[PDB]
Each structure stands twice: as C-alpha cells, then as structure tokens.
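Structure, as structure tokens:
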Amino acid sequence: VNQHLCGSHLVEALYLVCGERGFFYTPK
Amino acid sequence: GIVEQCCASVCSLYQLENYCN
Ligand SMILES: [Cu+2]
C-alpha cells in the first residue's frame, strides 16, 4: 500500500524497509 | 525528492528501497 509519511515517521519506514543494509535520509 | 513526496504526497515502500545502502 501507498504511504503518507512525514518527519520521524519516514525514518521509521526507511529503517523497516532497509534494516541491516542501512539507508541515507537526505531531505532538501 | 522522496522525503518531500512521501510527506507532501504519498510514496510506496518500494520507492523507499531506493534509499537503502
Ligand atoms: Cu506522528
């Protein structure tokens, strides 16, 4: 399903999706 | 970018995979 994710909620989802691999959080 | 689109619009978990290492 599509997601509406702002602020810390986006970082939560990135953590869930990427887990061990890690991720970059890069807003503008 | 995605930080913008997920919040101002919607985004999928599949789009989020683009940001994994
Ligand atoms: Cu909240």
Side-chain angles (χ1 to χ4, degrees):
Chain A
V1 302
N2 283 5
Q3 310 291 330
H4 188 199
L5 303 167
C6 304
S8 58
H9 297 282
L10 179 58
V11 172
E12 284 287 354
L14 287 164
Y15 177 78
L16 173 63
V17 167
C18 303
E20 50 166 359
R21 287 176 76 185
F23 64 90
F24 270 76
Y25 175 67
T26 65
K28 54 170 275 277
Chain B
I2 56 103
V3 182
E4 293 63 44
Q5 83 149 287
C6 292
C7 186
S9 177
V10 290
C11 67
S12 61
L13 297 175
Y14 290 94
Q15 286 173 329
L16 292 192
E17 283 184 321
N18 303 335
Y19 292 75
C20 300
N21 296 124

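So that the names make sense, note that chain A is the first sequence line, chain B the second, and so on, each numbered from 1. We use all heavy atoms of the structure for the numbers below, so side chains are in, but hydrogens, waters and symmetry mates are not.
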Which one of B:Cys7, B:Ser12, B:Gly1 has the most heavy-atom pairs closer than 4.5 Å to chain A? B:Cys7

Chain A: which of B:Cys11, B:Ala8, B:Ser9 shares the most heavy-atom pairs with it under 4.5 Å? B:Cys11

For chain B, which residues of residues 13-20 of chain A have heavy atoms nearer than 4.5 angstrom: A:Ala13, A:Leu14, A:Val17, A:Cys18

Got a sec, which residues hit side chain to side chain contact (heavy atoms under 4.5 Å, CB included) with A:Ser8, two or more places apart in sequence or on another chain? none

Walk me through whether A:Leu10 and B:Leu16 qualify under side chain to side chain contact (heavy atoms under 4.5 Å, CB included). CA-CA 9 Å; A:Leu10 179 58; B:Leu16 292 192; 3.8 Å; yes

Starting from the C-alpha separation in whole Å, work towards a yes-or-no answer on side chain to side chain contact (heavy atoms under 4.5 Å, CB included) for B:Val3 and A:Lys28. CA-CA 8 Å; B:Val3 182; A:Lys28 54 170 275 277; over 6 Å; no

Contacting region of B:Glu17 [heavy-atom separation from chain A under 4.5 Å]: both

Report yes or no: do B:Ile2 and B:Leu13 belong to one cluster of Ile/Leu/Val/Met/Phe/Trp/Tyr joined by side chain heavy-atom distances under 4.5 Å? yes

How long is the straight-line distance from CG of A:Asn2 back to CD of B:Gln15, given to the nearest 0.5 Å? 7.5 Å

Return yes when atom CD of B:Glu4 has more than 12 non-hydrogen atoms of other residues, nucleotides or ligands closer than 6.0 Å, and no otherwise. yes

Examine B:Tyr19 and A:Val11 and state if one hydrophobic cluster contains both, with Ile, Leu, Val, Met, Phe, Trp and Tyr joined whenever side-chain heavy atoms are less than 4.5 Å apart. yes

Minimum heavy-atom distance between A:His4 and B:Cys6, given as atom pair plus value: CD2-O, 3.3 Å

